[PDB]
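Reading through the structure tokens given below for one structure.
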Amino acid sequence: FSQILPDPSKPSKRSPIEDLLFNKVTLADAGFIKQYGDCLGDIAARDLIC
Amino acid sequence: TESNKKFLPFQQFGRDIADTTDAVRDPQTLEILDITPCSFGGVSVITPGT
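Protein chains in written order, with this note's numbering: chain A, 4 to 53; chain B, -5 to 44.
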């Protein structure tokens, strides 16, 4: 059962299958929030999130 | 405020997604000025029973 138990070596205690599950799905943006000072500069990566 | 954008020699105003002007060209010199509304933010009150 080493393929579904948490691995202490990983930084945030996520199972190997969970890594594939998170990486397969893409969110609206890399970060959930865009803070007030984050979008002062019009970097090309700034989408409709902010 | 100041800006770091770049207009073409003929284009006058910068229009954003919401069709509202955000970059303006000075009527008497060649510089670009950025528009951002007055400082805003939601306030939330945390209180126990009155």
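For each residue, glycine too, the CB sits at the ideal point set by N, CA and C.
Simplified DSSP assignment, three categories, for residue i
i	result
A:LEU43	coil
A:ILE52	coil
B:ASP13	coil
B:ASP20	coil
A:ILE20	helix
A:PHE4	coil
A:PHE25	helix
Whole-angstrom distance between residue j and residue i, CA atom to CA atom
i	j	result
B:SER38	A:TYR39	17 Å
B:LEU24	A:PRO14	51 Å
A:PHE25	A:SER12	18 Å
B:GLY36	B:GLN22	38 Å
A:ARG49	B:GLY43	42 Å
Closer than 8 Å at the beta carbon, the chain A residues around residue i
i	result
B:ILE11	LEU51
Neighbouring residues, chain B, relative to residue i (Cβ below 8 Å)
i	result
residue 71 of chain A	Nothing can be reported for residue 71 of chain A, as the shown portion of chain A is limited to 4 through 53.
Residue i vs residue j beta-carbon contact at 8 Å
i	j	result
B:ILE29	B:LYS(-1)	no
B:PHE7	B:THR15	yes
B:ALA17	B:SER(-3)	yes
A:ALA31	A:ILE46	no
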